[PDB]
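Student:
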Amino acid sequence: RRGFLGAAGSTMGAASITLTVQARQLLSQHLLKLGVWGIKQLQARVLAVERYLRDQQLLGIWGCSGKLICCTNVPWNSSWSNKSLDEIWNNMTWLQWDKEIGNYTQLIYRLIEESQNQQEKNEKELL
Amino acid sequence: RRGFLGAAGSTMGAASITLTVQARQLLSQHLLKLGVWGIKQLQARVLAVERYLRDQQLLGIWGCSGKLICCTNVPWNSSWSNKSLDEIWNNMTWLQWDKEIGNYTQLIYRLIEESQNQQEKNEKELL
Amino acid sequence: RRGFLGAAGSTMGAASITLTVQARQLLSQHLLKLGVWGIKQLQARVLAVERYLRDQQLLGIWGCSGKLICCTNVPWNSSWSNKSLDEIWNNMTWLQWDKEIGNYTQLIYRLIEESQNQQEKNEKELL
Amino acid sequence: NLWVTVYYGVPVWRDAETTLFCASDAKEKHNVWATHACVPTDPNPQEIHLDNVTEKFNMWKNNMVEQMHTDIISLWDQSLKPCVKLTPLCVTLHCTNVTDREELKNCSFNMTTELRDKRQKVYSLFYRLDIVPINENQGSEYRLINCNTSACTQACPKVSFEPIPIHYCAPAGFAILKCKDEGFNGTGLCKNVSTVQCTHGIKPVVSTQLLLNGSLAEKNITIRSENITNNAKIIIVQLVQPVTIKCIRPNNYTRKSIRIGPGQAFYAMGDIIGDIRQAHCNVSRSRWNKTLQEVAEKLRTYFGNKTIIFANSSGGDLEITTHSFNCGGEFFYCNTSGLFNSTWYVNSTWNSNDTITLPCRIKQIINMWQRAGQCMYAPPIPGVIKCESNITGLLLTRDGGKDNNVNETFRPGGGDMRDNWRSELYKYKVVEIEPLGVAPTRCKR
Amino acid sequence: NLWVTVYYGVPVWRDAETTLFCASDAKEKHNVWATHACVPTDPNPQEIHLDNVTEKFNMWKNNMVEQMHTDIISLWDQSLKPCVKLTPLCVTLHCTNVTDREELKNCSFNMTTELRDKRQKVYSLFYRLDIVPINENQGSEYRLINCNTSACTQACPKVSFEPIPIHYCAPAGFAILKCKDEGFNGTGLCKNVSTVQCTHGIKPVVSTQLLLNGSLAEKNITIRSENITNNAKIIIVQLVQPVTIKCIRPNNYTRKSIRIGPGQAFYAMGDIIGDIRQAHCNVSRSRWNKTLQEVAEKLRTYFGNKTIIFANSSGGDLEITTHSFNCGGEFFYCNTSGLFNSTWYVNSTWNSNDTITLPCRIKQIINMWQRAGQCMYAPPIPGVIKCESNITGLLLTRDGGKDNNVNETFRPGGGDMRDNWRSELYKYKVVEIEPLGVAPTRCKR
Ligand SMILES: *[C@@H]1O[C@H](CO)[C@@H](O[C@@H]2O[C@H](CO)[C@@H](O[C@@H]3O[C@H](CO[C@H]4O[C@H](CO)[C@@H](O)[C@H](O)[C@@H]4O)[C@@H](O)[C@H](O[C@H]4O[C@H](CO)[C@@H](O)[C@H](O)[C@@H]4O[C@H]4O[C@H](CO)[C@@H](O)[C@H](O)[C@@H]4O)[C@@H]3O)[C@H](O)[C@H]2NC(C)=O)[C@H](O)[C@H]1NC(C)=O
Ligand SMILES: *[C@@H]1O[C@H](CO)[C@@H](O[C@@H]2O[C@H](CO)[C@@H](O[C@@H]3O[C@H](CO[C@H]4O[C@H](CO)[C@@H](O)[C@H](O)[C@@H]4O)[C@@H](O)[C@H](O[C@H]4O[C@H](CO)[C@@H](O)[C@H](O)[C@@H]4O)[C@@H]3O)[C@H](O)[C@H]2NC(C)=O)[C@H](O)[C@H]1NC(C)=O
Ligand SMILES: *[C@@H]1O[C@H](CO)[C@@H](O[C@@H]2O[C@H](CO)[C@@H](O[C@@H]3O[C@H](CO[C@H]4O[C@H](CO)[C@@H](O)[C@H](O)[C@@H]4O)[C@@H](O)[C@H](O[C@H]4O[C@H](CO)[C@@H](O)[C@H](O)[C@@H]4O)[C@@H]3O)[C@H](O)[C@H]2NC(C)=O)[C@H](O)[C@H]1NC(C)=O
Ligand SMILES: *[C@@H]1O[C@H](CO)[C@@H](O[C@@H]2O[C@H](CO)[C@@H](O[C@@H]3O[C@H](CO[C@H]4O[C@H](CO[C@H]5O[C@H](CO)[C@@H](O)[C@H](O)[C@@H]5O)[C@@H](O)[C@H](O)[C@@H]4O)[C@@H](O)[C@H](O)[C@@H]3O)[C@H](O)[C@H]2NC(C)=O)[C@H](O)[C@H]1NC(C)=O
Ligand SMILES: *[C@@H]1O[C@H](CO)[C@@H](O[C@@H]2O[C@H](CO)[C@@H](O[C@@H]3O[C@H](CO[C@H]4O[C@H](CO[C@H]5O[C@H](CO)[C@@H](O)[C@H](O)[C@@H]5O)[C@@H](O)[C@H](O)[C@@H]4O)[C@@H](O)[C@H](O)[C@@H]3O)[C@H](O)[C@H]2NC(C)=O)[C@H](O)[C@H]1NC(C)=O
Ligand SMILES: *[C@@H]1O[C@H](CO)[C@@H](O[C@@H]2O[C@H](CO)[C@@H](O)[C@H](O)[C@H]2NC(C)=O)[C@H](O)[C@H]1NC(C)=O
Ligand SMILES: *[C@@H]1O[C@H](CO)[C@@H](O[C@@H]2O[C@H](CO)[C@@H](O)[C@H](O)[C@H]2NC(C)=O)[C@H](O)[C@H]1NC(C)=O
Ligand SMILES: *[C@@H]1O[C@H](CO)[C@@H](O[C@@H]2O[C@H](CO)[C@@H](O)[C@H](O)[C@H]2NC(C)=O)[C@H](O)[C@H]1NC(C)=O
Ligand SMILES: *[C@@H]1O[C@H](CO)[C@@H](O[C@@H]2O[C@H](CO)[C@@H](O)[C@H](O)[C@H]2NC(C)=O)[C@H](O)[C@H]1NC(C)=O
Ligand SMILES: *[C@@H]1O[C@H](CO)[C@@H](O[C@@H]2O[C@H](CO)[C@@H](O)[C@H](O)[C@H]2NC(C)=O)[C@H](O)[C@H]1NC(C)=O
Ligand SMILES: *[C@@H]1O[C@H](CO)[C@@H](O[C@@H]2O[C@H](CO)[C@@H](O)[C@H](O)[C@H]2NC(C)=O)[C@H](O)[C@H]1NC(C)=O
Ligand SMILES: *[C@@H]1O[C@H](CO)[C@@H](O[C@@H]2O[C@H](CO)[C@@H](O)[C@H](O)[C@H]2NC(C)=O)[C@H](O)[C@H]1NC(C)=O
Ligand SMILES: *[C@@H]1O[C@H](CO)[C@@H](O)[C@H](O)[C@H]1NC(C)=O
Ligand SMILES: *[C@@H]1O[C@H](CO)[C@@H](O)[C@H](O)[C@H]1NC(C)=O
Ligand SMILES: *[C@@H]1O[C@H](CO)[C@@H](O)[C@H](O)[C@H]1NC(C)=O
Ligand SMILES: *[C@@H]1O[C@H](CO)[C@@H](O)[C@H](O)[C@H]1NC(C)=O
Ligand SMILES: *[C@@H]1O[C@H](CO)[C@@H](O)[C@H](O)[C@H]1NC(C)=O
Ligand SMILES: *[C@@H]1O[C@H](CO)[C@@H](O)[C@H](O)[C@H]1NC(C)=O
Ligand SMILES: *[C@@H]1O[C@H](CO)[C@@H](O)[C@H](O)[C@H]1NC(C)=O
Ligand SMILES: *[C@@H]1O[C@H](CO)[C@@H](O)[C@H](O)[C@H]1NC(C)=O
Ligand SMILES: *[C@@H]1O[C@H](CO)[C@@H](O)[C@H](O)[C@H]1NC(C)=O
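Chains as they are written, first to last, in PDB author numbering: chain g, 519 to 546, 563 to 661; chain c, 519 to 546, 563 to 661; chain e, 519 to 546, 563 to 661; chain d, 33 to 59, 64 to 135, 150 to 188, 188A, 189 to 309, 312 to 323, 323A, 324 to 359, 361 to 402, 410 to 503; chain f, 33 to 59, 64 to 135, 150 to 188, 188A, 189 to 309, 312 to 323, 323A, 324 to 359, 361 to 402, 410 to 503.
1) Once you ignore the five residues that flank d/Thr257 on each side, which residues in its own chain have a CB closer than 7 angstroms to its CB?
2) Suppose contacts are defined by Cβ-Cβ distances below 8 angstroms. Is d/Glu490 in contact with d/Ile439 by that definition?
3) Consider the Cβ of d/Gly237: report whether some Cβ of chain e lies at a distance smaller than 8 angstroms.
4) Using a cut-off of 9 angstroms between C-beta atoms, extract the partners of g/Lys658 located in chain c.
5) Cβ closer than 9 angstroms: which chain e residues qualify as neighbours of d/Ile84?
6) Given that a residue counts as buried once 16 or more other Cβ atoms are within 10 Å of its Cβ, and exposed if not, what is d/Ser264?
7) Which value, in whole angstroms, describes the spacing of the CA atoms of d/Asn463 and d/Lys282?
8) The alpha helix (DSSP H) with f/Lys340 in it runs from where to where?
9) With distances taken between CB atoms, is the gap from d/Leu86 to e/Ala526 smaller than 8 angstroms?
10) At a threshold of 7 angstroms, does residue 512 of chain g count as lining ligand 14 (C-beta to nearest heavy atom)?
11) Considering only residues of the stretch 189-277 of chain d, which uninterrupted beta strand (DSSP E) runs meet the minimum length of 3 residues and lie entirely inside it, listed in chain order?
12) Report the CB separation of residue 669 of chain c from e/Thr538 in whole angstroms; it is logged as a contact under 8 angstroms.
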């Protein structure tokens, strides 16, 4: 059982089995002197909360809060990536795949929001 | 597709389709000088997190976290508003309605909490 | 209806009816002078957010976010406690029960993550 | 079978330390405590009584007393930071007797002014306790006591030392447990617990050998001590009937302001109107003896049939050998030798005004927290000043004798400054609530 | 078809910049680094080795080196802020030779005291380096060097300059990548990566021309330079064998404290005992010049069969032309000309103690960060002091000649103060982890 971030080199398929270890370490003297070290510590604690909330709020609006893995209604556009489904989940790693969707990451996020928002209104709000 | 807070004047039925844009903008130099501008920025960043959490925690206890629209088990009381279901959703706007339920907003929140906990208590806890 | 933390002495079964009041009080002048009182208030506000997030993030990874009560897939090991179900839920209180699981609390938390993550991977990730 | 389940918002807690913030009925003139920047207190604070709950308390090991001590010291220094520093006052002083009654000295000395290329000769009275001779010869020469260790900071005359109450609150996710047991001595298992988000009105009143304006016992004179049998531990006793004490400063001084530098001035007493009169305090003898007899008999329960004997404080510094307090602007130092002077037998009964008089001394240069340096110069308050206080507690110390005698002497000891706060915070303790709970059940049905 | 899926807690990262906080084995006496306010380090820090991972490193473009430099400067100013300011010391000094050996000067000068209306005449020795004549003639009226640019702040005698280790940690949601490749030069793709939440014990040992108490090479003498061929870029070399160096201050000074003002004093070298002795340092010649052969041959790999030559510092300020360091209270300035003085030819082989001696100078007024003004006065440490250090690195610079000859000259260059930190932080880099990831799959089956 690898530690924190120990499965970074493993393939995409095998690296997703330990997502809990990386998700757990996202937020881990009562008095504060507000000195050189105190000021930096205060900024670090505040920055850490914002980093977690900035990443957690997206899952909430996307309808996947409290779930490590979830599927959305947005279909996969082949233009983003035309690579087979075997090599991606059995040969490639997360780092190599990150440098291929970064261009379309912002667009994918917006597509998921409008898809989830529209589906929510279509299902709920009977009248 | 109107920008942030662009559907304020639209009716209730038409303004509920763009809730995602207003929900996304609720939380949107690494060093800090702690000066006049730095102190204000630190307070602003901390205040923003508290404002979001103060509003997000209510949905958690109510059992609506991770969702934009949700229906509770508390039945509607005509005393709060005797208007028909057509004028409110097809004619009135959110701003005009906000000045009608404010007197009963706090009471409605408490009713939803006890209603959710009782349902949780009744469904789960097999013994 | 007892106030905040009023059901501490009641039995475990009867204390679960008022979880909402305790969960609500976890996060309840705009300017800041950064003085002796201001510095302490700033630390208190930041400390409160971390306390809530540190406790709330555990429910998210465990798959119980937005739910006051939830059942996990980890079976109850008799080694932790061999007491019957009637005495614990109708005779013992939460404070007394806290001094019996404390030793196995950390181990139970770790077992819940892998139990939920494994089920999450088995259900989703069709290929 | 059974499955493990997690409950959120469970009512459990544990001892913990946290940064408590201030809360006050804010309403303006400033004060040394800087309560204007404190959070406004709620109009209807919530208090809940815990049924079937019994919690352990330890006022001696409490963290609130230690935390409050640092806050008071921090606020004290914060208020004195923007005030003028009396650095040029360290000069040779030529004094003569004022025109016992030798408590004052009409001193004269050179002094600078706004114009750097000019000086001025001024004069002003000074208490003997605030002056130290130079060379131990030539009586005319005199120096301010603090001059060779630190430059005292003059207190801003616009801020007052009124000890308005301040409520200590815990951050969200924490609570303060209050023990409502009748006659609780401050240690042991409390049979009547309650919870509150903020403590009651705590007045940061500074006193030595006698607690003023403090809380009062509900039904019986309570005594507190970590080890009653130990002679090295201070003994705190709380009264049931407040003993009103009157004080007055009959001397009528005249405030004169001299500009020591550009945009700053030094205040001192110019002259005196009328004859010199000694400052003192009054207290009813009938209502004082009584308290003792009740305190003496109560103390007898912890030492068998031995006779209680209160004697005046031992020697030492003036801050610990006298009853120090402040009438909203002037620091007093009274003898007390007239209050702890009596012997009580196992039958001794106390059985008209006949008010007792306590001579007092006044000083300007003081060290409230007994710290080296960091002194403060208290400006003189114009006119006569009077202030009444409610005596509700006493700080006693037992002599380290062999204990084999048929009696025992009690001395009013100053103890530590933290004892004043401990006398009011004994009914509180901070705990951390852990809303995440775990318990099993036959779920998945 | 295929549907887009989002994964939380994905193991990916990117280069970023963040406010790193300090962690230390907290345990007390204070220090200039103010580690008492630092976070306590864990007893068993977690370190994980990454399999199949290869990451790019760039210690020259690293941000931790720049961030640490500001923190050290900020801490240095914070420690000196509450200490006394030597503003009245700027006066005319009359000196005479002490009763080469002219390194000291027995100076006398008028000074103030607590009593503003009185003055005093005192005397104290002063190093010739910290003294500058006012006028060319008169052989007197000397002035402290820093007097015409800024007033130095006397260092508080209660705080020490011990370079205790400090660990740099990243906030939550960030990690520090460590390269474990053998003989890594600090630039390129690392073939052995690792991750750790906090860096190892970093000792802020300020030194010039010679790294003291630094990390040792694992197996071979490593050399680092952004552009080895460039003559304007400093060259950092790490040794494998720690070359022990000893230093001593045989002057037995007598500390004397004079009160310059109310509540403050100035501590100055009072009087010498015995006889004047020159301060120096020792180093084994066999172990010292042996490493030069290893360093010379290693440098030969980057410049063909050319011969390596070592010469003394070119010239300039005393801080850059001498090996500066501190033996826990006294700042030394030793001449290294006796070390970097030799020539090595391809065949040249180094083949008894014969320890080399390095004369050294001592100064009280210093500018650690080469900043205009903001000087500091180091109080004299009573008695004789000795301190041993481990030489593990050298800061070399290659002459800007045509280089068309059959030889090459190297000079010990002071470079920049940031180079000292870069010699230890090269094995780390901060990266921001992005737990959110996207990938497709044939979901909804
Ligand atoms: C505000 O600031 C001003 C200006 O600085 C200051 O004025 C000066 O005060 C000092 C201190 O009081 C004065 O000092 C006295 O001055 C006279 C005059 O001295 C002159 O003449 C003599 C005689 O020719 C010369 O030797 C001398 O050089 C001067 O020219 C003297 O009478 C005083 O000396 C006596 O007192 C000294 C202090 O005790 C003794 O050390 C000394 O031995 C003398 O003792 C006296 O008593 C003895 C008996 O016990 C007797 O035997 C002796 O004969 C003698 O009578 C002293 O030096 C000074 O003059 C003032 N004026 C000036 C212009 O400097 C203010 O005092 C100051 N104000 C305040 C409130 O602080
Ligand atoms: C224990 O508790 C008692 C009760 O609170 C305290 O007694 C009071 O002490 C304060 C000082 O700490 C006294 O305050 C002063 O009272 C003066 C007289 O007040 C009467 O007269 C004025 C008009 O002259 C009326 O306005 C007032 O209502 C009274 O009828 C005032 O003249 C003083 O004014 C100064 O302070 C205030 C406040 O900062 C300023 O606004 C003014 O400009 C001025 O500077 C002042 O208010 C008070 O009178 C005492 N009360 C009694 C009943 O005696 C004890 O001091 C306290 N003991 C300890 C040790 O804490
Ligand atoms: C490279 O690394 C080495 C190894 O750490 C450093 O060498 C040490 O340097 C420190 C100063 O920085 C030396 O510290 C001083 O040692 C004196 C002698 O210690 C011996 O004797 C005392 C009793 O007299 C014993 O308690 C002690 O255990 C030793 O047996 C002490 O007398 C000094 O104490 C005074 O100063 C300190 C610091 O201000 C105060 O806390 C004390 O109260 C007291 O006033 C002091 O401890 C240390 O001895 C050196 N060790 C060796 C082996 O020589 C190098 O300095 C370092 N180089 C650089 C450039 O950083
Ligand atoms: C501490 O010690 C200091 C001295 O070291 C004391 O201060 C001095 O005290 C005396 C006595 O109180 C003051 O002198 C007195 O002043 C009274 C008021 O005088 C009124 O009439 C004066 C008439 O003017 C002419 O005469 C005066 C005096 O010669 C000249 O100055 C004028 O130029 C005129 O020629 C008015 O000037 C004055 O304003 C009044 O209206 C007077 O009645 C007395 O006979 C006596 O002279 C003296 O002025 C004080 N000095 C200072 C600088 O204040 C101080 O009180 C002592 N403190 C204590 C508590 O003992
Ligand atoms: C830098 O330069 C300064 C001077 O500018 C040097 O300081 C002086 O150094 C000399 C030599 O060390 C000191 O004088 C010596 O004092 C010894 C004291 O020993 C004891 O006997 C004394 C005898 O007392 C009578 O005589 C003295 C004066 O000689 C009077 O003061 C007394 O009142 C008596 O009448 C005692 O005073 C003393 O307490 C001892 O019991 C003495 O033995 C030597 O013969 C010699 O006189 C001189 O005092 C120093 N001055 C000061 C102010 O310190 C300084 O050392 C120089 N530094 C260096 C490195 O060279
Ligand atoms: C615990 O302490 C509380 C303190 O208020 C007691 O409260 C009682 O309150 C009622 C209603 O105001 C009064 O009539 C009683 O006199 C109070 N009792 C006492 C003893 O003062 C409460 O009774 C206490 N409980 C126990 C078991 O002692
Ligand atoms: C305060 O009261 C408690 C009880 O409420 C006292 O505790 C007892 O102390 C005696 C000392 O001989 C022990 O034998 C008992 O076992 C203690 N009881 C409990 C419940 O702890 C305590 O001593 C009292 N303190 C003072 C100073 O009177
Ligand atoms: C409380 O103080 C008493 C004494 O008043 C301590 O009991 C003994 O005291 C004598 C001196 O009177 C010492 O020589 C003994 O060593 C003490 N006994 C022990 C066991 O240490 C007593 O220990 C103190 N503490 C408590 C908790 O009662
Ligand atoms: C406590 O009371 C005693 C009573 O004797 C004081 O002692 C002395 O009293 C006699 C007679 O008045 C004087 O001659 C002595 O000078 C006093 N001094 C001492 C220390 O014996 C004693 O001073 C009083 N202590 C305090 C602090 O008031
Ligand atoms: C308290 O008791 C002690 C001891 O009995 C008293 O002091 C002794 O009194 C006798 C009287 O004859 C003297 O002989 C002794 O020398 C005294 N001291 C000692 C050590 O025994 C003391 O006076 C009593 N105090 C009061 C006033 O009751
Ligand atoms: C540090 O080592 C790296 C290799 O690990 C050196 O990189 C090579 O530098 C040469 C310079 O001409 C380039 O042509 C190569 O393409 C580089 N290789 C890689 C993989 O980057 C680097 O120059 C070394 N730095 C020094 C000065 O020693
Ligand atoms: C590193 O330094 C070398 C020189 O030591 C640079 O290479 C050329 O050097 C000659 C002089 O020997 C200059 O006239 C050229 O202008 C340099 N090249 C260029 C393109 O400027 C070299 O460029 C430097 N940088 C790198 C990345 O190697
Ligand atoms: C798929 O991507 C291509 C290229 O960007 C774009 O033209 C096309 O509209 C996309 N299709 C959908 C359905 O979003
Ligand atoms: C798997 O990845 C390796 C490394 O990039 C590559 O050489 C190989 O061709 C890949 N195989 C397939 C089937 O895509
Ligand atoms: C509806 O509102 C009325 C008026 O406030 C109130 O009396 C009544 O109890 C409410 N009914 C319910 C079911 O809450
Ligand atoms: C139950 O607890 C015991 C004692 O700690 C342990 O040996 C055993 O493995 C546990 N069983 C399971 C299924 O976790
Ligand atoms: C008080 O005690 C004294 C003895 O100290 C006694 O003489 C007196 O009568 C008692 N009562 C009164 C009213 O003074
Ligand atoms: C206090 O009064 C006593 C007499 O009762 C006396 O002996 C003592 O010296 C006085 N001391 C003080 C501090 O006033
Ligand atoms: C990656 O590392 C794993 C774990 O050691 C190993 O099984 C696998 O063969 C490695 N892959 C490559 C391409 O080196
Ligand atoms: C350094 O020392 C050498 C002798 O070892 C000498 O020739 C040279 O001038 C000195 N220069 C300095 C002080 O840097
Ligand atoms: C070593 O090489 C140098 C030239 O670099 C030459 O002058 C010398 O004679 C050679 N000697 C030996 C011992 O090989």
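C-beta atoms are modelled at their ideal positions from N, C-alpha and C, and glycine is treated no differently.
Tutor: On the basis of the data shown:
1) In its chain, beyond the 5 residues on either side, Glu370, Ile371, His374, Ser375, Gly472 have a beta carbon closer than 7 angstroms to the beta carbon of d/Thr257.
2) No.
3) It does not: the Cβ of d/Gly237 has no partner Cβ on chain e nearer than 8 angstroms.
4) Per Cβ cutoff of 9 angstroms: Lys601, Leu602, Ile603, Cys604, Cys605.
5) Within chain e, the residues near d/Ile84 are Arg520, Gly521, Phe522, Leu523, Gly524.
6) The residue is buried, with at least 16 neighbouring Cβ atoms inside 10 Å.
7) For the pair d/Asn463 and d/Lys282, the Cα-to-Cα distance works out to about 20 angstroms.
8) First-last of the alpha helix (DSSP H) with f/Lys340: 335-350.
9) In this structure, e/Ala526 lies closer than 8 angstroms to d/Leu86 by Cβ.
10) Nothing about residue 512 of chain g can be reported from this structure: the residues present for chain g run from 519 to 661 only.
11) Inside the stretch 189-277 of chain d, DSSP marks whole beta strand (DSSP E) runs of 3 or more residues at positions 190-193, 216-218, 223-228, 236-239, 242-245, 259-261, 271-273, from first to last along the chain.
12) Past the boundaries of the shown model lies residue 669 of chain c; chain c is included only from 519 to 661, so the question cannot be answered.
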